[PDB]
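Residue numbers (our numbering), protein chains in the order written: chain A, 94 to 232; chain B, 2 to 143.
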Amino acid sequence: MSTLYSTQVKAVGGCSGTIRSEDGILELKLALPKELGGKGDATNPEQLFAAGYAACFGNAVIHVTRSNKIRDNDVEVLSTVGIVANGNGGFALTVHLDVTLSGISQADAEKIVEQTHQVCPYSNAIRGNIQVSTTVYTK
Amino acid sequence: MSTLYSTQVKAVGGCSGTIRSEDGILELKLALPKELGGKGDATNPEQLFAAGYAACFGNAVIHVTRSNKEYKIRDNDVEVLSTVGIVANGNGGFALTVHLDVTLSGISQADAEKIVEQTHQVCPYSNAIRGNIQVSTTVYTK
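This is the structure:
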């Protein structure tokens with residue numbers, strides 16, 4: 094199948110640097126978090142991943158819902174992205190998702206979230222390398 | 002065991018909604034891009050992943066190089082352009098495509114290729130997607 098949408102982001106200046114999308118829309122400063130001895134002044138790869146995953150997973154829920162018989166405003170995702178030390182003195186990403194769906198039964202929410210992980214390109218991207226944990230809430 | 006750093010982002014309102022880190026540091030509007038029939042006003046998951054990866058990879062180059070002690074590549078010696086696409090997969094869902102253009106300053110073409118190959122083994126984003134996405138990489142010097 095052919096690519097539906099493609100975008101480019103340039104990163105310069107290292108841990109302290111900037112990201113800028115090639116059209117200029119998204120531009121921001123990066124900082125090492127304080128936990129890694131930086132200023133915590135600005136965003137970082139972990140937070141950008143959390144943001145993208147939270148948005149991607151919420152959109153994927155609506156893709157699932159339109160395939161079958163829930164609105165955009167019935168869906169909330171909280172991504173918790175962490176960094177854990179591996180053996181060889183590098184880092185691995187961890188991910189926990191809190192998914193809140195309004196107006197649906199506990200059973201239906203569990204089914205929708207399971208199917209959403211099969212649709213969501215972030216989930217498909219990281220499967221087997223990051224064990225994503227998910228908690229499903231209803232409201 | 003320990004988590005060294007953890008961060009939380011809330012997303013509401015769908016592809017035209019918002020994300021907000023719990024510490025308020027990151028706050029931005031989402032839009033559907035023009036290629037998909039939206040205003041293309043604002044960011045989206047492909048652009049956020051391209052930004053996170055480009056940043057993470059360039060940082061891993063610096064971490065790797067910190068004691069390749071010979072050229073000692075600095076912050077301004079590394080540029081990463083990530084190209085991220087979304088495509089239908091076989092199966093009712095979507096996959097990302099990732100291409101990186103890595104440009105390193107002040108080092109030989111052969112040294113740059115070796116450094117990039119090492120940093121893919123150390124980069125948390127590269128390690129996260131291995132076996133699911135075939136990342137393609139083009140290495141440049143200047």
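Here a beta-carbon is modelled for each residue, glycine too, at the ideal position from N, C-alpha and C.
Using three-state DSSP, classify residue i as helix, strand or coil.
{"i": "residue 96 of chain A", "result": "coil"}
{"i": "residue 202 of chain A", "result": "helix"}
{"i": "residue 145 of chain A", "result": "helix"}
{"i": "residue 26 of chain B", "result": "coil"}
{"i": "residue 113 of chain A", "result": "strand"}
{"i": "residue 83 of chain B", "result": "strand"}
{"i": "residue 137 of chain B", "result": "strand"}
{"i": "residue 127 of chain A", "result": "helix"}
{"i": "residue 167 of chain A", "result": "helix"}
{"i": "residue 135 of chain A", "result": "coil"}
Enumerate in chain order the residues of its own chain whose CB-to-CB distance from residue i is below 6 Å, with the five nearest sequence positions on each side excluded.
{"i": "residue 120 of chain A", "result": "113"}
{"i": "residue 143 of chain A", "result": "172 and 174"}
{"i": "residue 80 of chain B", "result": "104"}
{"i": "residue 189 of chain A", "result": "173 and 226"}
{"i": "residue 213 of chain A", "result": "149, 150 and 153"}
Rounded to whole angstroms, how far is the Cβ of residue i from the Cβ of residue j, which I believe are closer than 8 Å?
{"i": "residue 232 of chain A", "j": "residue 187 of chain A", "result": "Between residue 187 of chain A and residue 232 of chain A the Cβ distance is about 26 Å, and since that is not below 8 Å, they are no contact."}
{"i": "residue 3 of chain B", "j": "residue 178 of chain A", "result": "7 Å"}
{"i": "residue 77 of chain B", "j": "residue 106 of chain A", "result": "6 Å"}
{"i": "residue 126 of chain B", "j": "residue 58 of chain B", "result": "7 Å"}
{"i": "residue 93 of chain B", "j": "residue 211 of chain A", "result": "7 Å"}
Tell me, please, whether the CB atom of residue i is closer than 9 Å to any CB atom in chain A?
{"i": "residue 105 of chain B", "result": "no"}
{"i": "residue 36 of chain B", "result": "yes"}
{"i": "residue 140 of chain B", "result": "no"}
{"i": "residue 15 of chain B", "result": "yes"}
{"i": "residue 64 of chain B", "result": "yes"}
{"i": "residue 130 of chain B", "result": "yes"}
{"i": "residue 126 of chain B", "result": "yes"}
{"i": "residue 117 of chain B", "result": "no"}
{"i": "residue 83 of chain B", "result": "yes"}
{"i": "residue 6 of chain B", "result": "yes"}
{"i": "residue 145 of chain B", "result": "In the structure as shown, chain B starts at 2 and stops at 143, and residue 145 of chain B therefore has no counterpart that could be examined."}
Does any C-beta atom of chain B lie closer than 9 Å to the C-beta of residue i?
{"i": "residue 103 of chain A", "result": "yes"}
{"i": "residue 146 of chain A", "result": "yes"}
{"i": "residue 95 of chain A", "result": "yes"}
{"i": "residue 201 of chain A", "result": "no"}
{"i": "residue 117 of chain A", "result": "no"}
{"i": "residue 168 of chain A", "result": "yes"}
{"i": "residue 226 of chain A", "result": "no"}
{"i": "residue 180 of chain A", "result": "no"}
{"i": "residue 139 of chain A", "result": "yes"}
{"i": "residue 212 of chain A", "result": "yes"}
{"i": "residue 197 of chain A", "result": "no"}
Is the beta carbon of residue j closer than 9 Å to that of residue i?
{"i": "residue 228 of chain A", "j": "residue 191 of chain A", "result": "yes"}
{"i": "residue 12 of chain B", "j": "residue 138 of chain A", "result": "no"}
{"i": "residue 133 of chain B", "j": "residue 96 of chain B", "result": "yes"}
{"i": "residue 41 of chain B", "j": "residue 118 of chain A", "result": "yes"}
{"i": "residue 145 of chain B", "j": "residue 219 of chain A", "result": "A query on residue 145 of chain B cannot be resolved here, the shown segment of chain B reaching from 2 to 143 and no further."}
{"i": "residue 141 of chain A", "j": "residue 49 of chain B", "result": "yes"}
{"i": "residue 8 of chain B", "j": "residue 61 of chain B", "result": "no"}
{"i": "residue 107 of chain B", "j": "residue 145 of chain A", "result": "no"}
So, at 7 Å on beta carbons, what are the nonlocal neighbours of residue i in its own chain, with the 5 sequence-adjacent residues on each side left out?
{"i": "residue 176 of chain A", "result": "139, 184 and 186"}
{"i": "residue 63 of chain B", "result": "74, 76 and 79"}
{"i": "residue 126 of chain A", "result": "133 and 137"}
Once the 5 residues before and after residue i are set aside, which same chain residues still bring their CB inside 8 Å of it?
{"i": "residue 23 of chain B", "result": "8, 9, 10 and 11"}
{"i": "residue 199 of chain A", "result": "229 and 231"}
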